[PDB]
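# Next one to model:
(chains A and B, ligands or ions: 7)
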Amino acid sequence: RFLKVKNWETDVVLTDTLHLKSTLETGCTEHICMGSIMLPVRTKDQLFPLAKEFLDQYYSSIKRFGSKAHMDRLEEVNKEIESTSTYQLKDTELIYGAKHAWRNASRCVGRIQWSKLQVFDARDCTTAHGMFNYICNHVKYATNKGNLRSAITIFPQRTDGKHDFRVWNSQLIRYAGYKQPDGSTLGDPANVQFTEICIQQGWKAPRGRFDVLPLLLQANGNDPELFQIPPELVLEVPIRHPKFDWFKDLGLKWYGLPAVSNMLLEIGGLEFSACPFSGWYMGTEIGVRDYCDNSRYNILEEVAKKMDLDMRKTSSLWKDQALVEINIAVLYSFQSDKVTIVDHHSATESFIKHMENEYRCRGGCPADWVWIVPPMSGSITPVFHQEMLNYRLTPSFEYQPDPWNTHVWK
Amino acid sequence: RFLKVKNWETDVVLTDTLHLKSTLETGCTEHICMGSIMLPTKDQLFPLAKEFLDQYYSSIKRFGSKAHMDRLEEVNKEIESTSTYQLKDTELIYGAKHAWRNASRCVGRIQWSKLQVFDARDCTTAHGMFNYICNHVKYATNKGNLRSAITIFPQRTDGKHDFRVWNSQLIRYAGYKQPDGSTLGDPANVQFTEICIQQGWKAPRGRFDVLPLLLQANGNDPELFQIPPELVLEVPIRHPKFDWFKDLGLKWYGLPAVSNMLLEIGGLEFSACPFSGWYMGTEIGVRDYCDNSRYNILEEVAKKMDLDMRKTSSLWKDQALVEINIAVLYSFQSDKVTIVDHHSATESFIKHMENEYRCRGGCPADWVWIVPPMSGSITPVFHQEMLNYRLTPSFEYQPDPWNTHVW
Ligand code: HEM
Ligand code: HEM
Ligand SMILES: C[C@H](O)[C@H](O)[C@H]1CNc2nc(N)[nH]c(=O)c2N1
Ligand SMILES: C[C@H](O)[C@H](O)[C@H]1CNc2nc(N)[nH]c(=O)c2N1
Ligand SMILES: O=[N+]([O-])c1cccc2c(Br)n[nH]c12
Ligand SMILES: O=[N+]([O-])c1cccc2c(Br)n[nH]c12
Ligand SMILES: [Zn+2]
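Numbering: from 1, shown residues only, chains lettered A, B, ... in the order given. Ligands and ions are numbered 1, 2, ... in the order given. Below is the structure in question.
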């Protein structure tokens, strides 16, 4: 089989063979497409085959397929699984898997960087405090004074699912949200539920607008614990506008390190419930989503009022106009403070390049158009005119239930 | 089974039961999503007809009745005899209105029922088609107060007597390749602009030249016609704050009329069914004017605004885009021609969805196409989860006539 993909702006066509290896479901039938849907304890019998294909790929990548190191490893694993039920990965395998989980992330436009990832082996960690130390080093190394570096910390893999390691925060660094009795919201509405759990666990919230949330870390299945990330480790950028001198008076600022922490990393059947991972922001995620989604800091009205725009009738595009300035500002502020960041034009052009290379490299590049195209100026970026095939490959990063909806408290 | 759809901006969850009645395939599989891919007999005809007639009667509260059953037999026998059949007027109107209703890629379906249907089934010639099309263009333009419309020429018979409108739209600008290697006018039509030339049309080699209609009837060779200029409502694009805009010398037409699609109703295929409504601002502002392969005016527009085009991070393309789309919506309103912006259009669609889910059990929607090509996440339709599936009656793509005609 072969599947064709065309770019309606360069007439450039590509052939995908990689999709043949995709096993998992996508949520789509031959009769229904759920492409725009958000979210459409493994037995011994299930584990080995998964371990096998993984180790087969690993070895193939290092050009040692069928070798002696290859077979002995398969025999070693098969045996270990039979007696211990599970199995531990070698460092080189963990490193290989992590990079590939990233490489297979169909919703990630910054994948050109997949190969350059710093993997921290946190499998010897045993307590929440231990996790705090590990996280702190991840944040420090990754931030690098503004010159960001990719990185991921991998904590202990799941055993019986009763002893999971989990990072309760969705991102290692994030602002608190507090619902006021008057119905309004202070801070980031997206984090209100979590902000609550934190206060209910002992966090003394400053009750401000940009309060860096505390980490709630869960080790070996025990109750989660609170910790405050060293302020001197949390790099932040105050947002001002290049020409709008009233912008600085909006009181806005954002953190520099985006590090998702609620996903699950699957490598060769093994599940890693806690695997925080960071890279570096694309302007629009802060500029259009965090600042402008109606359900976030929703700053359009106030940025428009001060821009003195005709907010009488939407056909004036006061919202579109304000959005560009706001994004102008997020990018300008980061550049001025020498903190890594990429704009949607650069990131998307690079992605097309990475994408093409990946077709002539491994016969495909699973991509989710809905998530790849930016939340603004979509059609003036190259990814918009790009056809994409979306399929699941392992290793992978998956969503998982929020830890508070399942955890059995002691 | 039973699928639910959530809006992540309002948390509203709707339940879809309509997809169960899905016929054609989507191109996807459990193994691969093709969401972003632009395009993935007597025994055959009667079942298709029955399904349609069934829906029709169910819609008029006469499901099963004698009328229902009678007509069902009438058609059955007709197909048995004439190897095909003809739709009563009421079924045609319903069929067309419902093909629109089922257009998963159209954001303006909230207007689905308010569609004027012109029955051009008795047409026999290209001149006849011009007369029909002309009346269609004048009725829908209505001096700027646009009205939705569709004209349906004779349905297919043996496939060698196909009625077709070679233009992709009843009204579009010509595109010409210049000595240089560049392109004058609209690149999207360069080819067709050539076929019109190879056929006789005297191309004025201008930036915005209104192409001629190339009409085909009963499988014959296509003929050329010039839509009465008095019937082609155009708008010069000026900016509400940049008096230098006019100097860009831009103008677009007011009537969006897709004409290269094929309408299927109850098994029957109407290969010539031009339909029109009114423009959503972004279609012209961002796609027609800014798309790299179209007019690609961004570089010049930026200049004139005197902004740093040295680094992409200045968002000068973004900057220009907004102003260019301001100018489009601005001009249309000032000349009192109907037009809708991406903000109102999408808000309207959401409501339409809320109605369709309770009044029909769902609404087939293609996210990739519904989300406007600018300010996507600030329009409500961005956070709206969608379910795409194909339903008939429907509008489908079909091969360009020049790539399949026997002259
Ligand atoms: C180098 C900087 C990087 C950039 C600029 C980049 C950019 C992005 C963006 C814009 C998204 C969509 C964000 C959203 O709307 O929520 C995304 C998604 C994602 N990225 Fe990256 N990324 C980078 C690094 C990483 C790293 C290091 C990994 C993993 C090791 C990764 C894995 C993913 C995953 C799994 C998602 C989807 C998350 C979800 O399903 O919600 N990205 N990335
Ligand atoms: C009344 C105003 C209407 C508005 C504002 C509207 C708007 C839209 C938009 C924005 C698209 C995507 C355009 C593109 O990117 O090419 C579209 C596509 C479409 N619309 Fe509408 N529409 C309207 C009326 C109609 C009518 C009257 C019909 C049919 C009776 C219709 C049938 C369709 C179809 C089939 C498509 C998809 C065609 C394709 O795949 O290229 N629309 N519409
Ligand atoms: C409903 C729809 O799936 C949802 O709004 C998606 C669309 N595309 C997205 N794309 C990115 N990058 N991030 C998001 O959160 C979303 N949300
Ligand atoms: C490749 C991709 O399918 C293609 O660029 C689509 C995306 N969404 C679109 N949406 C609309 N409304 N119109 C288009 O022409 C497209 N092009
Ligand atoms: O840049 N982003 O917009 C963005 C969003 C979500 C996750 C990440 C990571 Br990990 N790096 N950058 C990201
Ligand atoms: O508004 N649009 O962008 C648009 C595009 C393509 C076709 C139509 C029709 Br018919 N009405 N509006 C349309
Ligand atoms: Zn799909």
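
# Enumerate the residues of the stretch 201-350 of chain A near ligand 3.
Counting by C-beta under 6 Å from any ligand atom, the stretch 201-350 of chain A comes close to ligand 3 at no residue. (Each C-beta comes from the backbone N, C-alpha and C, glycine too.)

# Can you show me the strands along the stretch 201-350 of chain A?
A:215-218, A:225-227, A:236-238, A:253-255, A:259-260, A:264-267, A:270-272, A:277-278 (DSSP state E, counting those that start in this stretch).

# Check which helices and strands the first one sits against.
If I follow you right, that is strand A:215-218. Other helices and strands packing on strand A:215-218, by 3 or more C-beta pairs under 8 Å, 6 or more residues apart in numbering or on different chains; DSSP states H and E, are helix A:128-143, strand A:166-167, helix A:192-199, strand A:225-227.

# Mind doing that once more with 6 Å?
Counting contacts by 3 or more C-beta pairs under 6 Å, 6 or more residues apart in numbering or on different chains; DSSP states H and E, strand A:215-218 packs against strand A:225-227.

# would a markdown table of the strands of the stretch 201-350 of chain A with distance to ligand 7 and mean neighbour count be doable?
Shown next, in a markdown table, are these (distance: least, C-beta to the ion, whole Å; neighbours: other C-beta atoms under 10 Å in any protein chain shown):
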| stretch | distance to ligand 7 | mean neighbour count |
| --- | --- | --- |
| strand A:215-218 | 35 | 24 |
| strand A:225-227 | 42 | 17 |
| strand A:236-238 | 38 | 17 |
| strand A:253-255 | 34 | 20 |
| strand A:259-260 | 24 | 22 |
| strand A:264-267 | 22 | 22 |
| strand A:270-272 | 26 | 23 |
| strand A:277-278 | 27 | 26 |
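
# Same list (the ones you listed) but as JSON lines, adding distance to residue A:336.
Formatted as JSON lines, these follow (distance: least, C-beta to C-beta, whole Å):
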{"stretch": "strand A:215-218", "distance to residue A:336": "29"}
{"stretch": "strand A:225-227", "distance to residue A:336": "31"}
{"stretch": "strand A:236-238", "distance to residue A:336": "8"}
{"stretch": "strand A:253-255", "distance to residue A:336": "13"}
{"stretch": "strand A:259-260", "distance to residue A:336": "23"}
{"stretch": "strand A:264-267", "distance to residue A:336": "35"}
{"stretch": "strand A:270-272", "distance to residue A:336": "37"}
{"stretch": "strand A:277-278", "distance to residue A:336": "22"}
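
# Take those strands and write them to TSV, including distance to ligand 1.
Output for the strands of the stretch 201-350 of chain A, formatted as TSV (distance: least, C-beta to the nearest ligand atom, whole Å):
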stretch	distance to ligand 1
strand A:215-218	19
strand A:225-227	23
strand A:236-238	16
strand A:253-255	14
strand A:259-260	6
strand A:264-267	9
strand A:270-272	12
strand A:277-278	4
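
# who's in contact with the closest residue to residue A:238 other than its chain neighbours?
Spatially, and ignoring its direct neighbours in sequence, residue A:238 is nearest to residue A:253 (4.3 Å; C-beta to C-beta, 6 or more residues apart in numbering or on different chains). Taking C-beta atoms under 6 Å, 6 or more residues apart in numbering or on different chains, we find residue A:253 in contact with A:210, A:236, A:238, A:239.

# mind running it again at 10 Å?
A:175, A:209, A:210, A:236, A:237, A:238, A:239, A:240, A:333 (C-beta atoms under 10 Å, 6 or more residues apart in numbering or on different chains).

# Over to residue A:69?
Residue A:69 touches A:59, A:62, counting by C-beta under 10 Å, 6+ apart.

# secondary structure class for it?
helix (DSSP: H, G, I helix; E, B strand; the rest coil).

# ok, it to ligand 5 distance?
33 Å (C-beta to the nearest ligand atom, to the nearest Å).

# Could you check how far that residue is from ligand 4?
From residue A:69 over to ligand 4 (counting by C-beta to the nearest ligand atom), the distance is 44 Å.

# Please apply the same query to residue A:358.
Residue A:358 is 17 Å from ligand 4, by C-beta to the nearest ligand atom.

# Point to the residue nearest the middle of chain A.
residue A:260 (4.5 Å; C-alpha atoms, centre = their mean).
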